[PDB]
Amino acid sequence: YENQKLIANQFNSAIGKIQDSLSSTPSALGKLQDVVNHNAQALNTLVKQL
Amino acid sequence: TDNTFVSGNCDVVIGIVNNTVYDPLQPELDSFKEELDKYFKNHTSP
Amino acid sequence: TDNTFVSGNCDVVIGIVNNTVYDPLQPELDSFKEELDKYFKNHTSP
Ligand SMILES: *[C@@H]1O[C@H](CO)[C@@H](O[C@@H]2O[C@H](CO)[C@@H](O[C@@H]3O[C@H](CO)[C@@H](O)[C@H](O)[C@@H]3O)[C@H](O)[C@H]2NC(C)=O)[C@H](O)[C@H]1NC(C)=O
Ligand SMILES: *[C@@H]1O[C@H](CO)[C@@H](O[C@@H]2O[C@H](CO)[C@@H](O)[C@H](O)[C@H]2NC(C)=O)[C@H](O)[C@H]1NC(C)=O
Ligand SMILES: *[C@@H]1O[C@H](CO)[C@@H](O)[C@H](O)[C@H]1NC(C)=O
Ligand SMILES: *[C@@H]1O[C@H](CO)[C@@H](O)[C@H](O)[C@H]1NC(C)=O
């Protein structure tokens, strides 16, 4: 309470950097990028053996 | 005042309201002040 | 006193230092029990 103006200002500043850093590092979503890469490529080599 | 704890003045908390904090040591003491002031009236009676 | 609790004497703890403990009952007493001593002199002194 004695620091809520500071705490509310610091939280919104920290949550604003999430919107920038997610669209900065490319491999941030690499955890979800390779779950669709592995399934599509194994699908690709499945039809490549026909 | 034992259920609560204090910190600083009341000019910094947003949304603070006005109420009375009941000190429990006072009415045991202040009723004893009434007996003591009666005793001090008894002390100055003769 | 409301921030500290006691257990035994002060010779067995390694590294204990010397300081006083501000008892909050005393300002509620030394502003009022000493006020009785002034009321004692209301009749005894003259
Ligand atoms: C905190 O304060 C206390 C005071 O209560 C200090 O205790 C004092 O400790 C010294 C240690 O040398 C005592 O001196 C010795 O006393 C014995 C008798 O008990 C005597 O035979 C020796 O020749 C010597 O004079 C001193 O008496 C004692 N104070 C009291 C009132 O008994 C304690 O050392 C302090 N601690 C710190 C960390 O400052
Ligand atoms: C709680 O009580 C205090 C004590 O009166 C109020 O503080 C005063 O409020 C008046 C407004 O009516 C001001 O003119 C004074 O300058 C204030 N004094 C101080 C020392 O702050 C306070 O407003 C009350 N709280 C509420 C919510 O009414
Ligand atoms: C801390 O350790 C040093 C080195 O052993 C020693 O001289 C000192 O007395 C110790 N401090 C306390 C409070 O025991
Ligand atoms: C002494 O007692 C009288 C009444 O008993 C009182 O009016 C007076 O104020 C007292 N003296 C002091 C110094 O309080």
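Before any of the text, the structure's been laid out above.
Residues numbered from 1 in each chain as written, not as in the entry; some residues may be left out. Chains lettered and ligands numbered in written order. Part of a larger assembly, values for the part shown. Heavy atoms only, no water.

Peer 1: Explanation requested: the site of ligand 4 in the structure shown.
Peer 2: Around ligand 4, the surrounding shell consists of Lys41(B), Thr44(B), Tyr39(C) and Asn42(C). Here an oxygen atom of ligand 4 and a side-chain polar atom of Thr44(B) are 3.3 Å apart. Contact between ligand 4 and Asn42(C): an oxygen atom at 2.4 Å from a side-chain N or O atom of the residue. About the coverage of ligand 4: the protein hides 42% of its 360 Å² of free accessible area. A breakdown of the residues in the shell around ligand 4 according to their chemical character gives one nonpolar, two polar and one charged. (Near = heavy atom within 4 Å. Polar contact = N/O pair within 3.5 Å; in protein donor to acceptor, adjacent residues only side chain to side chain. Areas by Shrake-Rupley, 256 points an atom, 1.4 Å probe, with all protein chains shown as cover. Nonpolar A, V, L, I, M, F, W, Y, C, P; charged D, E, K, R; others polar.)

Peer 1: Would you explain the relation of the copies chain B and chain C in this entry?
Peer 2: The relation between the two chain copies is a rotation about an axis coupled with a shift along that axis. Least-squares fitting of chain B to chain C yields an RMSD of 1.1 Å, with the transformation described by 0.4 Å of translation along the axis and a rotation of 118°. Overall, the copies show the geometry of a three-fold rotation axis. The C-alpha atom lying nearest the rotation axis in chain B is that of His43(B); the distance is 3.3 Å. When you check the interface residues of chain B against chain C, 70% turn up at the interface there too, and the contact is symmetric in its surfaces. (Least-squares fit on C-alpha atoms. Contact = heavy atoms within 4.5 Å.)

Peer 1: Where do I start with a nonpolar patch on the surface in this structure?
Peer 2: Residues and elements named next belong to chain A. A surface patch of nonpolar side chains, about 760 Å² in accessible area, is lined by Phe11, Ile15, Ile18, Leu22, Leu29, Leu32, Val35 and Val36. Mapped onto the nonpolar patch, the elements with two or more residues apiece are α1 (4-21) and α2 (30-47). For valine 36, the location among the structural elements is in helix α2. (Patch = residues over 30% accessible without salt bridge, like charges linked within 9 Å, V, L, I, M, F, W, Y side chains within 5 Å. Salt bridge = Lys/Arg side-chain N within 4 Å of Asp/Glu carboxyl O. Helix = DSSP H or I, 4+ residues; strand = E, 2+ residues; numbered from the N terminus.)

Peer 1: Looking at this structure, I do not really get the interface of chain B and chain C. What am I missing?
Peer 2: It is common to give the size of an interface as the accessible area lost on bringing the parts into contact. At the junction of the two partners, chain B supplies 10 residues and chain C supplies 11 residues. In this assembly, chain B packs against chain C so that about 920 Å² is buried in total across both faces, 72% of it on carbon and sulfur atoms. If you sort the residues of chain B by the area they bury against chain C, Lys33(B), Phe40(B) and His43(B) come out on top, with a joint share of 51%. Across the chain B-chain C interface, the total number found is three residue pairs in polar contact. For the side of chain B that touches chain C, a count of residues per class yields five nonpolar, three polar and two charged. (Buried area = accessible area lost by both parts, 1.4 Å probe.)

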